[PDB]
Structures are given as structure tokens and as C-alpha cells.
């Protein structure tokens, strides 16, 4: 299937690479449930006119909690310990590790996370429906073509790469359109609100860029380097979790802070 199952069935996993990976993944959906409560409880702190952004964050948490829980359970019960060798190996009587849960979660979250900014800042010369369509199209295509390259990950590396680059073309359009959005949104508002906007732009840039870095991770030290191992498995799964907390939770907190800042007058 994937590089994970390859390692789980060629070399297997050490006790620590298995446990660590399960612990970080558990932490991942535990944070989503925490955020879900944060965004519901604080929805009263923002004016009626920005609340849609709290609403969109609440829903992202519901799906992120739900699907990252599935993934977590999917990693723990796909490998079983072998007393003879002392590692964890892919269990042929299980379901095999499946990263589909996480791609499904992106296909849902991406439109919302992109849509919700447009309820906090105001455009100037760009049209709302124009920006929204461009966000929804390129973001959908970024995930679909990423999913397709994800199949060739362990077999045909070249297709894994050509498809990853296509998905990168859509990624950069989004980065261009969000650039234009944050600029127009800075026009008018107070200097404090521009400060928050700039933070949001810095965070949006890093947090989304971690994702292709975790897509490629087991190849960044070569077709037989240090990461082509349970360590790249470990590391790709740590970067995703860092990325999920950044692009889903912290992003939405900053938008709420921005909404609040924009009610001073």
C-alpha cells in the first residue's frame, strides 16, 4: 500500500517508533476535541457579524477530531508485536494502515479553512465570489492530485513526484490568492489588526508548507537514506500533527483574536 505498510512488513517497527507514533496521533485528536470546546464557548465574545468564523472553526474541529481518531485507531491496530524478533510488524489479519482518513479530512477542512477568513476581513477591489471559487477549486484539486500521487508512493516514485508537483501547482495558486486577500484586508483596519493579519499570514505560510514536506519526508535523505526507515515514518507523522494543530487550531484562534480586535471603535 503505502510506505508505512512497506516498513511495517519489511523491517517492522521498534517498540518506540510504534508507541511514539501512537502517542503523538492520540495527542492530535485530543487537541481537536479541546479546540471544539474552545470555539463553542467563546462564540459569545465576538459580534454577530464575525461569528460565522467561529462556526466554521467548530465544524473543522468536529471532523478533525472524528477522522484523526479513526487514523489513530487505524495505526494502533494495524501492527502486532512479534516476540521472536521484538519489533512490530504489519498484521495480515488486520485492515493495514490506511492514510485515506487524513486525505478525506483535508478535502473537507481545506474549503472551510480558506472560506472562513472571508468573514473576518473585507476585500477591497477583489470580488468575494471570485476569491471563494478560486479557493474551492484549486484546494479540491490540490488534495485530489495529492491523493493520486500518494498511491505510487512506494512503487513508482516518478509518478509520486510528477503528481506531487502538480498538486504543488494548485498549492501556489492558493498562496497567491491568500496573499492578495490578506493585503486588501489590511487596508482600512487598525495597526493592531494589521499586526494580527501579518501573524496569520506568517503562520498560514509555514503551517501549510509543512504538509508537502511530510509527503516527501522518507525521500529527503535519498532513496536509501536515514529517513527511508521507521524514522521517516516517525517524522512524517510528527510533522502532520504539528501541522494539524497549526493550520486548524492556532489559525482559528488568531482569526477570533482578529475579530475581537476589529470590534474596538
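Between two forms, the rigid core is the largest collection of C-alphas that superpose within 1.5 Å. Numbering follows the first chain given and starts at 1.
Q. Which stretch is more displaced from the shown form in 6 other deposited structures of this protein, 184 to 192 or 85 to 93, with RMS over structures and residues of Cα positions after a rigid core fit?
A. Comparing 85 to 93 with 184 to 192, the one that moves more in 6 other deposited structures of this protein is 85 to 93.
Q.
I'd like to know which segment deviates more from the shown structure in 6 other deposited structures of this protein: 134 to 142 or 102 to 110, using C-alpha RMS over all structures and residues after a core fit.
A. The answer is 102 to 110, which departs more from the shown form in 6 other deposited structures of this protein.
Q | Mean C-alpha B-factor comparison - 67 to 75 and 115 to 123, higher one | A | Going by the record's values, the stretch with the higher mean is 67 to 75.
Q) Taking the recorded C-alpha temperature factors, which stretch has the higher mean, 171 to 179 or 95 to 103? A) If you average the C-alpha B-factors of 171 to 179 and of 95 to 103, the larger mean comes out for 95 to 103.
Q. From 218, 28, 213, 35, can you pick the one with the highest C-alpha B factor in the entry?
A. Result of the comparison over 218, 28, 213, 35: 218.
(Q) So if I compare the CA B-factors in the entry for 55, 202, 61, 239, which one is the largest? (A) That would be 239.
Q) When the modelled residues of the chain are sorted by Cα temperature factor, does residue 137 land in the lowest, middle or highest third? A) Ranked within chain, residue 137 CA B lands in the middle tercile.
(Q) Where does the C-alpha B-factor of residue 80 rank in its chain, lowest, middle or highest third? (A) Tercile = highest for this residue's CA B-factor.
Q.
Quick check for you: using the entry's CA B-factors within this chain, is residue 157 in the lowest, middle or highest third?
A. According to the entry, residue 157 has a C-alpha B-factor in the chain's highest third.
Q) In terms of the CA temperature factor given in the entry, to which third of its chain does residue 260 belong: lowest, middle or highest? A) Middle third, going by the recorded CA B-factors of the chain.
Q: For residue 14, return the chain-relative third of its C-alpha B-factor as stated in the PDB record: lowest, middle or highest.
A: Highest third of the chain for residue 14's C-alpha B-factor.
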